[PDB]
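This text opens with one protein chain seen in two forms, each one given by itself as structure tokens under the names structure 1 and structure 2.
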Structure 1
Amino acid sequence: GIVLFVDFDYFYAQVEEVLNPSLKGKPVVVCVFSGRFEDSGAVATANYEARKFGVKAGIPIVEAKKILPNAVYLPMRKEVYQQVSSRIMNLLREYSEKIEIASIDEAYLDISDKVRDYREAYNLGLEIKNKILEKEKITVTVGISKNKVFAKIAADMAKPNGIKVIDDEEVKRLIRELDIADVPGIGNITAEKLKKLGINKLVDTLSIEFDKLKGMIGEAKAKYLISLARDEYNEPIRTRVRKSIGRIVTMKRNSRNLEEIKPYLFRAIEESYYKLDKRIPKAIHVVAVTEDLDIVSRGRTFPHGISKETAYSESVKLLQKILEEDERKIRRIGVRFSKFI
């Protein structure tokens, strides 16, 4: 098979640049303001000009302003980026019937029946890039390989505004030479566990006892890495179905006062219920982020669907459980609905 993966370039910042062209060439930082103080929050993303100086996703806005105090700091307008994304995804639908929308700015296309080889795949990749630039003036990176994982890795290698094929021979070289930390799904915790076992490359997972690898990183990740290393990973492109919808907000101050927290939680429920749009959940979880940014959650699954009124009542009980069973103050509070009918 052949898989073509598309990853939009510095997406949120690039959309802002398209809607206001004077931003291009100079550092733009898209921010998630919590409302705590002036400028409390995190960077969602920045364009490559700000990113050159270390302003990247996840860092505090305060750290970013220390590095580049003269950059443009824009509030995140997620709804705008979602609508642009949906338009681009609709363009991609024209090139394959088999498409997997992986996120707000990623999609996998199974183009096995559309092209005969990697040269034709590459030309299709170029066609897709030109189409998205024509219609939306958004640059993207395309990665192409035998499966979803190596397609994603290919795009990682080609980013800013690139295109890359990893053919069968390069898959073999990467199994030997790619830092296993750069494999999709291997974060810092798993990477460091692997390094302690002396595993630096995918091929190293074949030289360890399965029971030992499973003991350290778990069965799923062990099976996943071994399948990749054996050149056998072949997970199909399929339609992802949304499994949960939720909202969590930062409170104006930390609190353990039930009556102070309730209005935030209730607003999170109202917004979550609107986003449900005909979906009726059977499960509710109240999620608290404590003072030190730990996550505590209490939930319940009902035999039937949950009305909004039941969500209110139950959410209070679950919040009460969090307060009873955890003595830390709550910083952020929210809700998540799942198990849709």
Structure 2
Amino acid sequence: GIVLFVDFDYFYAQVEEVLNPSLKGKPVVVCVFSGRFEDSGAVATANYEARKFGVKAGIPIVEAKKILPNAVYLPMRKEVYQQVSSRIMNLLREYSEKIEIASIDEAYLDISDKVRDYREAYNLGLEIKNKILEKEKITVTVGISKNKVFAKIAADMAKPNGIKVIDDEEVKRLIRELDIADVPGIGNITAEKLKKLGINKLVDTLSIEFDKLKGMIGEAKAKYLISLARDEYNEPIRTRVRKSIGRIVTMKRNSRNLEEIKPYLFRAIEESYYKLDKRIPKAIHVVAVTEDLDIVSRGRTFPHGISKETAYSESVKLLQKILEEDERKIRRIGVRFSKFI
């Protein structure tokens, strides 16, 4: 009946500002340095000082630095970030046990058991915001509404250190006036594909045939946006189990030579097993990105869990199969584990 969603503001860039106060009120850019050349890699997150001028997540470093020399570029630290994140989800757990952790910086709380209306929800939302800022020193945004999507949207509306309630009549005006672009779970690839055809707002999805929408953007997205445009979305705050853990690393030059790829592949296995942590996958996949960024996978499922040395030995054979089947040089190599027990 009532959902409370929490989103950590510019999370990666914020931990850095808290750990290292020499940085605040300044542009701060968290990067992934691929490993190849100088500036090799992409922006992973950026504070709002860096974002006003187009330095945002996804873009390359050599484009961020030409759009802003100036700023503070920082190697990513997912361990450090994950530490803080685990602690914050633990606080949130005490306000309600029904919690959907959707990612390192997002969570959904169903509070239809703890409050009576939205007014009691807003009070609780400020309270959670205040405890987090006191214990961790992190500003967060809270969205409140009737289903998950509208709680997230409300947070998207309030973003930098904000709180927002989207009640019932506001939900209805949003269906007619909200762009498809601003819908959680709908990226710029889908938005602009629909944009071409005049599908601009959420209500427009109810003006088009289902197979026409399906044949354009696929199954889930078609039913998803249709539910929402009618107001028939209210799926439960379900727990999230990771389906797969894998690592990919970039070589310093393209190679079709078995013995030269091996060191990188083995370095992926080590870090991947690190991440599994007491989990035991029944299945494994090797991923190679070739010369012209083309993706090739071979994997294998087992009637038992895979030991660390079995992976070494099996991953070598899956890399062989790729090399006999594809005559192109490989540029990045990695492994994926799934079908846990």
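Quick note, the numbers are simply positions in structure 1, starting from 1. Definition used throughout: the rigid core is the maximal C-alpha set that superposes within 1.5 Å between two forms.
- The comparison between structures 1 and 2, aligned on the rigid core, picks out a single residue among 135, 159, 195, 78 whose CA moves by 2 Å or more, and that residue is 195.
- Hinge motion between structures 1 and 2 is captured by two rigid parts, the smaller swinging by 12° against the larger on C-alpha superposition.
- At residue 264, the distance the Cα travels between structures 1 and 2 is 1.0 Å after the core is superposed.
- Core fit done between structures 1 and 2; CA of residue 277 shifted by 2.3 Å.
- Superposing the two forms on their core, we find that the Cα atom of residue 327 is displaced by 4.0 Å between structures 1 and 2.
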